[PDB]
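Just the one chain here, the form deposited in one PDB entry, laid out as structure tokens.
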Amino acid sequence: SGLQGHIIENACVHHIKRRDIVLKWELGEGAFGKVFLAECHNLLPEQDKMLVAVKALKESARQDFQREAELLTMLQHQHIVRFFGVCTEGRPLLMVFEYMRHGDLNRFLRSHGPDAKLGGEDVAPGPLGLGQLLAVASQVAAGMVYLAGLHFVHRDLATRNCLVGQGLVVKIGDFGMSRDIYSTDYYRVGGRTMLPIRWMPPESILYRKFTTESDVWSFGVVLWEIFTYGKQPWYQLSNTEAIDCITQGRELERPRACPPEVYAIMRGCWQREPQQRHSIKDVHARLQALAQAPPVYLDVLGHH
């Protein structure tokens, strides 16, 4: 449950008046609640009014909301979805986040991939270029560095759990609806429990262990998703065949658009032994340089 997992190991929360939040329309809905585009007044200076994404809590779940909001208030970084605070006067209780114009990273990758149907404000016509793909991956890594820095275990790192804003700014974050919107990205064990198996290392599938290291493995899989324009990992396999391949040491193939150097960052996250796995700091440091490298050096990395 991500935020919940960090709470089960271990207020500065900003409050917003209901009259300062004006609900416009729904963006999505699930089981834990729904998301609305809203207009927020007197939130930030030199703006007066601004657009935000509002999570409306759908029982003794009100206490959960408060600790989640406390955790979200602490979790502030350039590549973590900005949390503005809560509205606790009257029901439904709301969490207020920034509005991310391009939506989740998976949706954005596929819409700028070779399988997209078809204007070009933040990015060029046709599929994303190498430079665009690298900057994307680096921001996700930066965000994961801040999380390993604060010693936070995500448990569900995937491009569907990242968001894209104006000027191609990518941040880790979701509104708790991935299980409803991307149900095929989870394996239903029984009753309620749904696991993102295609993104999980052998110790999370086999031993049910979740760490900072199972999170670097997921990043490796996120790196693969970036270079395949949001394709589902092990798409050719059923849930049981995918569990089998992961537990039997199989590695995901090198994507077409992926340079051997980027594939080496991936393979480093995919070491069977959690200890052997490369730290997120170095995975990020390796990606920052690859992203901020001259086009002369970049063009020699991408062939054909």
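We call the rigid core the largest set of C-alpha positions that still match within 1.5 Å between the two forms. Numbers follow the displayed sequence, beginning with 1.
From this point on, the text means the form deposited in another entry, which you will not see here.
- The only C-alpha among 78, 166, 184, 193 that moves by 2 Å or more between the shown form and the other one, given a superposition on the rigid core, is that of 193.
- A shift of at least 3 angstroms brings the Cα atoms of residue 274 and residue 190 nearer to each other in the other entry than in the displayed structure.
- Contraction of the residue 272-residue 189 CA spacing by 3 Å or more is recorded in the other entry, set against this form.
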